[PDB]
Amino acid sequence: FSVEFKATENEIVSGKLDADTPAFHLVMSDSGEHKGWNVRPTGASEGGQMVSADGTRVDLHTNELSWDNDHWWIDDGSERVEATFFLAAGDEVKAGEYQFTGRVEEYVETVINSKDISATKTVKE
């Protein structure tokens, strides 16, 4: 069971976004049998947001995972799932170094593996 979570490489500059814009990339993997995965935001990211030092909160979205109130999930039995988290078109994005913290879970049927993820994405000038 392996999890990789990191900022995307594309630069984001302060302002109001024309389009959906990548901010994080996630990969969840396990050769062992499973039903799927959860990505649960933790601490300040609760709500599914990325957060700067000055407390500015920005929503994350992904087209590779589903959402259920406060977390992402997906039923996927394959060995490996990839996901991009993007910021939505229109969103104003302001000052700083924005951190996402969460916890990945692997489940069956019941959680059988889990690991914290954290990464920080930069915005601006």
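Sequential numbering from 1, following the sequence displayed.
Asks: Does the chain run continuously from residue 109 to residue 110, or are deposited residues unmodelled in between? Answer none, 1 to 3, 4 to 9, or 10 or more.
Replies: 4 to 9 residues lack coordinates between residue 109 and residue 110.
Asks: Between 32-40 and 54-62, which has the higher average C-alpha B-factor in the PDB entry?
Replies: According to the entry, 54-62 carries the higher average C-alpha B-factor.
Asks: Mean C-alpha B-factor higher for 79-87, or for 66-74?
Replies: If you average the C-alpha B-factors of 79-87 and of 66-74, the larger mean comes out for 79-87.
Asks: What third of its chain's C-alpha B-factors does residue 47 belong to: lowest, middle or highest?
Replies: Residue 47: CA B-factor falls in the middle third of its chain.
Asks: Can you tell me which third, lowest, middle or highest, the CA B-factor of residue 25 falls into for its chain?
Replies: Within its chain, residue 25 is a middle-third residue by C-alpha B-factor, going by the deposited values.
Asks: Ranking every modelled residue in this chain by its Cα temperature factor as given in the entry, which third contains residue 114?
Replies: Its C-alpha B-factor, which the entry lists for residue 114, ranks in the lowest third among residues of this chain.
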